[PDB]
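1. sequence, then structure. It's an experimental one.
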Amino acid sequence: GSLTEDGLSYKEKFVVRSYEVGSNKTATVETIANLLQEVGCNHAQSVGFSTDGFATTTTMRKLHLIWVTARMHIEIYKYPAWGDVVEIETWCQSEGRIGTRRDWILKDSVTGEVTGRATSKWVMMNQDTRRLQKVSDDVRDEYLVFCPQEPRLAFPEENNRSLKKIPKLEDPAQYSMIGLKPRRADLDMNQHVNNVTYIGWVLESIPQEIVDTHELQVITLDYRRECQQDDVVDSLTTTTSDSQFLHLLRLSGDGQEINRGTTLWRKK
Amino acid sequence: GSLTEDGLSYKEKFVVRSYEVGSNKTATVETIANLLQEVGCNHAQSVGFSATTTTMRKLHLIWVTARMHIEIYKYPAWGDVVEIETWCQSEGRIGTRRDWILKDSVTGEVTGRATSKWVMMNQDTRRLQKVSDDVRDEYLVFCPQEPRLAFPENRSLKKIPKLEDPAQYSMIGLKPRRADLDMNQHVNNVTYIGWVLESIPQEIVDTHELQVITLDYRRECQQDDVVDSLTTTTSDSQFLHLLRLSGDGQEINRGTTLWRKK
């Protein structure tokens, strides 16, 4: 991968692997989200944040802070096939002093066709206390020069789906998958549950019939609180409709919300 | 990746990804196993497979893994390039074998090796059988016919005993999610590696590196099955492992691992 000509975004090509695809031999959305992470990380490295930390800045490393996803929104028009090459462009932008966004555009590497778009919002956590905080001025100042100054949005429209408020699912749920637990492969290098595991857990309570007949077009996921390695999660889904669903992940042990989201599916 | 000049082995380079590494920022053994299957798959495709010989398809036969054995000297770091060379060999009527050698791209030093044994299964009945002459003779043209052993000495062929109840350690009630399924909706062979390792104490994983894993595969975990992972220390630290389906206690894997203090 490499920085683009203006130095303010990063592009990388990925060849879709055999184990990264589902039953129609195209990348799963979990694969896509993992590639979003990888190209984001490689972006951070390209501008000088070394592999001694998980895309953290030098102030973060000093203060024992790590990055935490607050929201992920992914829209896929076409999933790349096994052995195909997808090119992903990514950039970071601050929303004043209030928000920190990373955006992505996915393209067919050969034809240049846009095949998907994504965006994300970020906060930080103290790695020791696990307490969340907003990105600080001292942190942002370490990468602001590497970011576009005029607005650059994967989803530019006012009131677009990416910014929509997600309601809380009300019991009873229509569908559930109970007792999901992380294994070691689900952990990132910081020993926190990786952000893509929550996407998988949300999708686990989608009925097989939908998965067999439909493709996921949109996922919007808020991240309220982390699942720790010894926690157990229930995934709850209700139809709100294309087919659309409302999602809630919560801890088995007390019912504490860890995520809420929505998904939009299109018949194959 | 590409075939080598003689057409009898295949090489591919991988850049180790952020989500592929553990707490020491080096590739996990499940990452290694994933890269092994990927380079395997690319090799098979490069020699014209889809993987079944025309004769296998006619007789509704598939290859299934009987054993995976992995030995790692050094796990590649985040962002490092690992080069993997793989080849296959016929083991006459018994089955076939796929071998791998892992190298540091930069130094050319061998950082690991692996070997897997494959047996023929009827896709309908799920019963194992021997390799027929026709299947053998079709396979051979893709393989070095002189033996080429990643493990020439060995631990890779050793018989593994069945763990006796009670187990020292356990992780109970493991279940696959969708990401664990392959394109045919069977559980991916690397998932079973993860499940074996889950019953190793966290204190061992935090302070030791896995040097060797040997894993026999007996029968599969289906999508709706539930697995218990059992471990007992047999010793460096060495462990004996058993995966069984908890609904009936049916064995699906047995294995051993060897760990060295960091």
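-> Nice, I can see it. Numbering: from 1, shown residues only, chains lettered A, B, ... in the order given.

2. where exactly do the strands run in the stretch 151-268 of chain A?
-> Assigned by DSSP state E, counting those that start in this stretch, the stretch 151-268 of chain A shows strands spanning A:175-180, A:214-223, A:233-239, A:243-251, A:257-267.

3. could I get stretch A:179-186 in PDB with only the CA atoms?
-> The C-alpha trace of stretch A:179-186 is given here as PDB (Å, rounded to 0.1, in the frame of the first residue of the first chain):
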ATOM      1  CA  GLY A 179     -24.100 -17.600  25.100                       C
ATOM      2  CA  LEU A 180     -21.600 -16.300  22.600                       C
ATOM      3  CA  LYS A 181     -18.100 -16.200  24.000                       C
ATOM      4  CA  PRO A 182     -14.800 -14.900  22.700                       C
ATOM      5  CA  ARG A 183     -11.900 -17.300  22.100                       C
ATOM      6  CA  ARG A 184      -8.300 -16.200  21.900                       C
ATOM      7  CA  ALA A 185      -8.400 -15.600  18.200                       C
ATOM      8  CA  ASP A 186     -11.100 -13.000  18.800                       C
END
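
4. can you tell me how far residue A:12 sits from residue A:43?
-> 8 Å (C-beta to C-beta, to the nearest Å). C-beta here means a position set from N, CA and C on the backbone, and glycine is covered the same way.

5. the two: who's more crowded?
-> residue A:43 (26 against 20; other C-beta atoms under 10 Å in any protein chain shown).

6. who are the contact partners of the closest residue to residue A:178 other than its chain neighbours?
-> Once flanking residues are discounted, residue A:178 sits nearest to residue A:234: 5.0 Å by C-beta to C-beta, 6 or more residues apart in numbering or on different chains. Taking C-beta atoms under 8 Å, 6 or more residues apart in numbering or on different chains, we find residue A:234 in contact with A:176, A:177, A:178, A:179, A:180, A:249, A:250, A:251, A:252.

7. again, only this time at 10 Å
-> Counting by C-beta atoms under 10 Å, 6 or more residues apart in numbering or on different chains, residue A:234 touches A:173, A:176-180, A:201, A:204-205, A:248-253, A:255, A:258.

8. so how do I select the buried members of the residues you listed in PyMOL?
-> Of these, the buried ones go into a single PyMOL selection, burial set by 16 or more other C-beta atoms under 10 Å in any protein chain shown:
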select buried, chain A and resi 173+177+180+201+204+205+248+249+250+251+258
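
9. which residue ranges of the stretch 1-150 of chain A form strands?
-> Secondary structure of the stretch 1-150 of chain A (DSSP E, counting those that start in this stretch): strands at A:2-3, A:10-15, A:65-76, A:85-95, A:99-108, A:114-126, A:132-133.

10. could you give me the buried positions within the fifth one?
-> So that's strand A:99-108. By 16+ other C-beta under 10 Å, the buried positions in strand A:99-108 come out as A:100, A:101, A:102, A:103, A:104, A:105, A:106, A:107.

11. next one: phi and psi at the residue nearest to residue A:8 when sequence neighbours are not counted?
-> Spatial nearest neighbour of residue A:8, chain neighbours left out: residue A:148 (5.0 Å); criterion: C-beta to C-beta, 6+ apart. With angles defined as degrees, to the nearest 10, residue A:148 sits at phi -60, psi 150.

12. I'd say residue A:148 and residue A:102 touch.
-> No. With contact defined as C-beta atoms under 10 Å, residue A:148 does not count as touching residue A:102 (11.8 Å).

13. what sits in contact with each of these two?
-> Common contacts of residue A:148 and residue A:102, defined by C-beta under 10 Å, 6+ apart, comprise A:91, A:92, A:93.

14. between the residues you listed, which is nearest chain B?
-> Of all those, chain B sits closest to residue A:92, with 15.8 Å by C-beta to the nearest C-beta.

15. so that closest one bridges to which residues?
-> Beta bridges link residue A:92 to residue A:102, judged by DSSP bridges.

16. check the gap between it and residue B:112 for me.
-> Using C-beta to C-beta, one gets 36 Å for the distance from residue A:92 to residue B:112.

17. same question for residue A:178.
-> On the measure of C-beta to C-beta, residue A:178 and residue B:112 end up 39 Å apart.

18. for residue A:62, same thing?
-> Residue A:62 is 36 Å from residue B:112, where distance means C-beta to C-beta.
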